[PDB]
$ cat work-v7.cif   # mmCIF, C-alpha atoms; chains and numbers go by the auth columns
data_upload
loop_
_atom_site.group_PDB
_atom_site.id
_atom_site.type_symbol
_atom_site.label_atom_id
_atom_site.label_comp_id
_atom_site.label_asym_id
_atom_site.label_seq_id
_atom_site.Cartn_x
_atom_site.Cartn_y
_atom_site.Cartn_z
_atom_site.B_iso_or_equiv
_atom_site.auth_seq_id
_atom_site.auth_asym_id
ATOM 1 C CA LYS A 1 15.641 32.539 27.277 0.00 14 A
ATOM 2 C CA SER A 2 18.789 32.556 29.441 0.00 15 A
ATOM 3 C CA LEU A 3 18.122 30.240 32.366 0.00 16 A
ATOM 4 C CA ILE A 4 20.170 28.938 35.224 0.00 17 A
ATOM 5 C CA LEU A 5 19.404 25.242 35.406 0.00 18 A
ATOM 6 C CA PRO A 6 18.747 24.033 38.969 0.00 19 A
ATOM 7 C CA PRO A 7 21.313 21.296 39.628 0.00 20 A
ATOM 8 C CA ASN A 8 18.663 18.559 40.021 0.00 21 A
ATOM 9 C CA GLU A 9 17.130 19.238 36.612 0.00 22 A
ATOM 10 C CA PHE A 10 17.953 16.784 33.865 0.00 23 A
ATOM 11 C CA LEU A 11 19.318 17.927 30.507 0.00 24 A
ATOM 12 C CA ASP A 12 16.618 16.058 28.496 0.00 25 A
ATOM 13 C CA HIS A 13 15.622 19.068 26.391 0.00 26 A
ATOM 14 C CA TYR A 14 19.198 20.352 25.792 0.00 27 A
ATOM 15 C CA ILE A 15 22.319 19.655 23.770 0.00 28 A
ATOM 16 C CA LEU A 16 25.858 20.662 24.599 0.00 29 A
ATOM 17 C CA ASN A 17 27.018 23.660 22.561 0.00 30 A
ATOM 18 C CA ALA A 18 30.625 22.405 22.539 0.00 31 A
ATOM 19 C CA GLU A 19 29.454 19.361 20.583 0.00 32 A
ATOM 20 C CA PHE A 20 26.666 20.903 18.482 0.00 33 A
ATOM 21 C CA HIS A 21 28.746 23.645 16.901 0.00 34 A
ATOM 22 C CA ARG A 22 31.307 21.090 15.730 0.00 35 A
ATOM 23 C CA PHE A 23 28.602 19.008 13.953 0.00 36 A
ATOM 24 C CA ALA A 24 27.029 22.108 12.482 0.00 37 A
ATOM 25 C CA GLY A 25 30.298 23.518 11.308 0.00 38 A
ATOM 26 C CA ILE A 26 29.582 26.835 12.926 0.00 39 A
ATOM 27 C CA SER A 27 31.554 28.954 15.296 0.00 40 A
ATOM 28 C CA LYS A 28 31.562 28.368 19.003 0.00 41 A
ATOM 29 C CA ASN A 29 29.615 31.623 19.522 0.00 42 A
ATOM 30 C CA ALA A 30 27.281 31.422 16.511 0.00 43 A
ATOM 31 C CA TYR A 31 24.400 30.860 18.948 0.00 44 A
ATOM 32 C CA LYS A 32 24.913 34.371 20.394 0.00 45 A
ATOM 33 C CA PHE A 33 23.614 35.828 17.111 0.00 46 A
ATOM 34 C CA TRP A 34 20.478 33.771 16.611 0.00 47 A
ATOM 35 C CA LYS A 35 17.430 35.803 17.318 0.00 48 A
ATOM 36 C CA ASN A 36 15.507 33.483 19.412 0.00 49 A
ATOM 37 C CA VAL A 37 17.963 31.549 21.475 0.00 50 A
ATOM 38 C CA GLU A 38 17.294 29.579 24.624 0.00 51 A
ATOM 39 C CA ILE A 39 20.351 28.606 26.567 0.00 52 A
ATOM 40 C CA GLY A 40 20.994 27.161 29.957 0.00 53 A
ATOM 41 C CA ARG A 41 23.882 26.770 32.354 0.00 54 A
ATOM 42 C CA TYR A 42 24.483 25.497 35.866 0.00 55 A
ATOM 43 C CA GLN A 43 25.430 28.129 38.422 0.00 56 A
ATOM 44 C CA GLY A 44 28.946 26.927 39.086 0.00 57 A
ATOM 45 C CA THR A 45 30.064 26.738 35.438 0.00 58 A
ATOM 46 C CA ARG A 46 29.850 28.563 32.126 0.00 59 A
ATOM 47 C CA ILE A 47 29.384 25.474 29.954 0.00 60 A
ATOM 48 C CA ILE A 48 26.613 26.384 27.531 0.00 61 A
ATOM 49 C CA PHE A 49 23.631 24.169 26.737 0.00 62 A
ATOM 50 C CA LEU A 50 21.212 24.951 23.895 0.00 63 A
ATOM 51 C CA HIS A 51 17.524 24.195 24.207 0.00 64 A
ATOM 52 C CA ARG A 52 16.587 21.837 21.359 0.00 65 A
ATOM 53 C CA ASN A 53 13.502 23.859 20.361 0.00 66 A
ATOM 54 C CA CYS A 54 15.573 26.966 19.491 0.00 67 A
ATOM 55 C CA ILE A 55 17.821 25.051 17.018 0.00 68 A
ATOM 56 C CA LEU A 56 17.519 26.387 13.449 0.00 69 A
ATOM 57 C CA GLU A 57 16.062 24.292 10.614 0.00 70 A
ATOM 58 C CA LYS A 58 19.320 25.105 8.792 0.00 71 A
ATOM 59 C CA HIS A 59 20.919 22.888 11.443 0.00 72 A
ATOM 60 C CA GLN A 60 18.426 20.076 12.230 0.00 73 A
ATOM 61 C CA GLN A 61 20.882 17.594 10.723 0.00 74 A
ATOM 62 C CA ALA A 62 23.597 18.539 13.231 0.00 75 A
ATOM 63 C CA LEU A 63 20.979 18.443 15.979 0.00 76 A
ATOM 64 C CA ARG A 64 20.153 14.815 15.150 0.00 77 A
ATOM 65 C CA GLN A 65 23.791 13.721 15.550 0.00 78 A
ATOM 66 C CA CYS A 66 24.148 15.300 19.017 0.00 79 A
ATOM 67 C CA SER A 67 24.477 13.112 22.099 0.00 80 A
ATOM 68 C CA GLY A 68 21.349 12.631 24.168 0.00 81 A
ATOM 69 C CA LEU A 69 21.346 13.803 27.757 0.00 82 A
ATOM 70 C CA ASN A 70 18.091 12.381 29.175 0.00 83 A
ATOM 71 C CA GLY A 71 18.421 12.183 32.958 0.00 84 A
ATOM 72 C CA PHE A 72 21.899 13.670 32.921 0.00 85 A
ATOM 73 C CA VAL A 73 23.359 16.624 34.764 0.00 86 A
ATOM 74 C CA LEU A 74 26.846 18.082 34.704 0.00 87 A
ATOM 75 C CA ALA A 75 29.057 16.106 37.086 0.00 88 A
ATOM 76 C CA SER A 76 30.287 19.305 38.783 0.00 89 A
ATOM 77 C CA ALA A 77 26.626 20.219 39.355 0.00 90 A
ATOM 78 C CA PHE A 78 25.931 16.774 40.805 0.00 91 A
ATOM 79 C CA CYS A 79 28.809 17.291 43.253 0.00 92 A
ATOM 80 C CA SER A 80 27.603 20.810 44.016 0.00 93 A
ATOM 81 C CA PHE A 81 24.016 19.600 44.532 0.00 94 A
ATOM 82 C CA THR A 82 24.858 16.559 46.666 0.00 95 A
ATOM 83 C CA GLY A 83 27.928 17.807 48.482 0.00 96 A
ATOM 84 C CA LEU A 84 29.837 14.791 47.180 0.00 97 A
ATOM 85 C CA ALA A 85 33.568 15.459 46.784 0.00 98 A
ATOM 86 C CA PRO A 86 34.522 15.613 43.068 0.00 99 A
ATOM 87 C CA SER A 87 37.303 13.061 43.673 0.00 100 A
ATOM 88 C CA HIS A 88 34.644 10.336 43.957 0.00 101 A
ATOM 89 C CA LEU A 89 33.806 10.786 40.277 0.00 102 A
ATOM 90 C CA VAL A 90 37.425 10.135 39.201 0.00 103 A
ATOM 91 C CA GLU A 91 37.645 6.419 38.340 0.00 104 A
ATOM 92 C CA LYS A 92 41.334 6.198 39.365 0.00 105 A
ATOM 93 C CA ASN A 93 40.384 6.872 43.028 0.00 106 A
ATOM 94 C CA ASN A 94 38.347 3.629 43.274 0.00 107 A
ATOM 95 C CA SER A 95 35.274 5.057 44.997 0.00 108 A
ATOM 96 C CA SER A 96 32.348 2.813 45.903 0.00 109 A
ATOM 97 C CA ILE A 97 30.034 5.699 44.939 0.00 110 A
ATOM 98 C CA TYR A 98 31.590 5.928 41.464 0.00 111 A
ATOM 99 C CA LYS A 99 30.436 2.423 40.824 0.00 112 A
ATOM 100 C CA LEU A 100 26.770 3.092 41.684 0.00 113 A
ATOM 101 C CA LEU A 101 26.652 5.885 39.070 0.00 114 A
ATOM 102 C CA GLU A 102 26.250 6.014 35.292 0.00 115 A
ATOM 103 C CA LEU A 103 28.867 8.470 34.004 0.00 116 A
ATOM 104 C CA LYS A 104 29.598 9.721 30.512 0.00 117 A
ATOM 105 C CA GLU A 105 31.816 12.247 28.708 0.00 118 A
ATOM 106 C CA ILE A 106 31.080 14.512 25.766 0.00 119 A
ATOM 107 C CA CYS A 107 33.906 16.694 24.440 0.00 120 A
ATOM 108 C CA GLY A 108 35.681 16.136 27.732 0.00 121 A
ATOM 109 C CA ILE A 109 32.690 17.299 29.794 0.00 122 A
ATOM 110 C CA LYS A 110 31.723 14.716 32.455 0.00 123 A
ATOM 111 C CA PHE A 111 28.011 14.024 33.092 0.00 124 A
ATOM 112 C CA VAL A 112 26.209 11.986 35.768 0.00 125 A
ATOM 113 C CA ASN A 113 22.831 10.313 35.291 0.00 126 A
ATOM 114 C CA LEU A 114 20.952 11.897 38.175 0.00 127 A
ATOM 115 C CA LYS A 115 17.640 10.369 37.104 0.00 128 A
ATOM 116 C CA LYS A 116 18.911 6.809 37.526 0.00 129 A
ATOM 117 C CA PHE A 117 20.444 7.657 40.887 0.00 130 A
ATOM 118 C CA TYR A 118 17.075 8.974 42.110 0.00 131 A
ATOM 119 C CA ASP A 119 15.499 5.726 40.876 0.00 132 A
ATOM 120 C CA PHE A 120 18.136 3.694 42.729 0.00 133 A
ATOM 121 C CA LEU A 121 17.386 5.714 45.872 0.00 134 A
ATOM 122 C CA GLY A 122 13.626 5.305 45.399 0.00 135 A
ATOM 123 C CA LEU A 123 13.108 9.066 45.740 0.00 136 A
ATOM 124 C CA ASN A 124 11.136 11.601 43.742 0.00 137 A
ATOM 125 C CA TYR A 125 12.986 13.840 41.307 0.00 138 A
ATOM 126 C CA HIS A 126 12.200 17.082 43.148 0.00 139 A
ATOM 127 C CA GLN A 127 13.903 16.155 46.416 0.00 140 A
ATOM 128 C CA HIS A 128 17.178 17.756 47.416 0.00 141 A
ATOM 129 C CA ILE A 129 19.451 14.833 48.308 0.00 142 A
ATOM 130 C CA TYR A 130 22.815 15.030 50.023 0.00 143 A
ATOM 131 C CA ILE A 131 25.526 12.364 50.154 0.00 144 A
ATOM 132 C CA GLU A 132 27.672 12.153 53.230 0.00 145 A
ATOM 133 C CA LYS A 133 29.827 9.855 55.281 0.00 146 A
ATOM 134 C CA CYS A 134 27.439 8.261 57.762 0.00 147 A
ATOM 135 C CA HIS A 135 30.047 8.905 60.457 0.00 148 A
ATOM 136 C CA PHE A 136 29.921 12.687 59.926 0.00 149 A
ATOM 137 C CA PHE A 137 26.687 13.537 61.772 0.00 150 A
ATOM 138 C CA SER A 138 24.317 10.925 63.175 0.00 151 A
ATOM 139 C CA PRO A 139 22.725 12.261 66.375 0.00 152 A
ATOM 140 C CA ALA A 140 20.031 9.515 66.424 0.00 153 A
ATOM 141 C CA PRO A 141 20.671 6.250 68.374 0.00 154 A
ATOM 142 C CA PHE A 142 21.347 4.340 65.125 0.00 155 A
ATOM 143 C CA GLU A 143 21.660 5.301 61.459 0.00 156 A
ATOM 144 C CA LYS A 144 18.186 5.884 59.955 0.00 157 A
ATOM 145 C CA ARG A 145 19.109 7.331 56.498 0.00 158 A
ATOM 146 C CA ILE A 146 19.560 5.472 53.208 0.00 159 A
ATOM 147 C CA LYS A 147 22.937 3.745 53.357 0.00 160 A
ATOM 148 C CA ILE A 148 24.408 2.895 49.943 0.00 161 A
ATOM 149 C CA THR A 149 28.050 2.078 50.792 0.00 162 A
ATOM 150 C CA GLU A 150 30.090 0.714 53.685 0.00 163 A
ATOM 151 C CA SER A 151 30.574 4.385 54.627 0.00 164 A
ATOM 152 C CA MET A 152 28.192 6.649 52.622 0.00 165 A
ATOM 153 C CA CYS A 153 24.647 7.735 53.460 0.00 166 A
ATOM 154 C CA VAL A 154 22.000 9.765 51.646 0.00 167 A
ATOM 155 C CA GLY A 155 19.589 12.248 53.196 0.00 168 A
ATOM 156 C CA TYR A 156 17.071 14.697 51.749 0.00 169 A
ATOM 157 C CA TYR A 157 15.225 17.928 52.461 0.00 170 A
#
$ encode --input "work-v7.cif" --output "structure tokens"
Amino acid sequence: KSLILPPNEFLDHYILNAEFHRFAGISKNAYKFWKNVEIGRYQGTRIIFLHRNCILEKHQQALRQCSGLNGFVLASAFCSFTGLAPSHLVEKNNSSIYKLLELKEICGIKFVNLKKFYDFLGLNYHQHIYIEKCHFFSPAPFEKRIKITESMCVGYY
């Protein structure tokens, strides 16, 4: 009913409230007064997502014009989850990581396609990945983790 979304969980079943209430013509907080309401958020932020099932029939039209979010997560959550520095997701900074990632904005909210990144890494969607400069900690004799950039590595636990 009011869930915290784990940061590695895709927003398939959700729409962004900031966008939906504009299409619907309703108030930003109208969802607080529906009776059966399922919402989600990521721990670090208060951006509200509505579960598609709880949308009213009075509003199914506005639902259908909402952006899809299959495989996506909030970009801030992606950086929280992976430990990647949020600067990398700013195009201006010319990050090699930025270029490996499918990004997207809705109402000025930035999303990352975590599902495609997992596929690129060849990992299963339930693994906790981290992204790190290979230089930072490599005790082993050579680097044994997935290396995706001149300087960046990926590990998991």
$ residues_around --input "work-v7.cif" --residues "residue A:101" --least-positions-apart "3" --cutoff "10 Å" --atoms "only C-alpha atoms" --output "PyMOL selection string"
chain A and resi 92+97-98+104-112
$ closest_atom_pairs --input "work-v7.cif" --of "stretch 17-48 of chain A" --to "stretch 69-77 of chain A" --cutoff "10 Å" --atoms "only C-alpha atoms" --output "Markdown table"
| residue | atom | partner | partner_atom | distance |
| --- | --- | --- | --- | --- |
| A:28 | CA | A:76 | CA | 8.0 |
| A:32 | CA | A:75 | CA | 9.4 |
| A:33 | CA | A:75 | CA | 6.5 |
| A:34 | CA | A:75 | CA | 8.1 |
| A:35 | CA | A:75 | CA | 8.5 |
| A:36 | CA | A:75 | CA | 5.1 |
| A:37 | CA | A:75 | CA | 5.0 |
| A:38 | CA | A:75 | CA | 8.6 |
| A:39 | CA | A:72 | CA | 9.6 |
| A:44 | CA | A:69 | CA | 9.9 |
| A:47 | CA | A:69 | CA | 8.6 |
$ closest_residue --input "work-v7.cif" --among "A:18, A:79, A:87, A:153" --to "residue A:51" --atoms "all atoms listed in the file"
A:18
$ resolve_selection --input "work-v7.cif" --expression "the PyMOL selection byres ((chain A and resi 164) around 6)" --output "PyMOL selection string"
chain A and resi 146-147+162-163+165
$ resolve_selection --input "work-v7.cif" --expression "the PyMOL selection byres ((chain A and resi 127) around 9)" --output "VMD selection string"
chain A and resid 21 to 23 84 to 86 91 114 to 115 124 to 126 128 to 132 138
$ closest_residue --input "work-v7.cif" --among "A:137, A:30, A:151, A:89" --to "residue A:65" --atoms "all atoms listed in the file"
A:30
$ atom_distance --input "work-v7.cif" --atom1 "atom CA of residue A:158" --atom2 "atom CA of residue A:139"
17.9 Å
$ closest_residue --input "work-v7.cif" --among "A:159, A:29, A:122, A:102" --to "residue A:41" --atoms "all atoms listed in the file"
A:29
$ atom_distance --input "work-v7.cif" --atom1 "atom CA of residue A:25" --atom2 "atom CA of residue A:169"
23.3 Å
$ atom_distance --input "work-v7.cif" --atom1 "atom CA of residue A:67" --atom2 "atom CA of residue A:140"
29.1 Å
$ residues_around --input "work-v7.cif" --residues "residue A:14" --least-positions-apart "5" --cutoff "9 Å" --atoms "only C-alpha atoms" --output "number ranges by chain"
A: 49-53
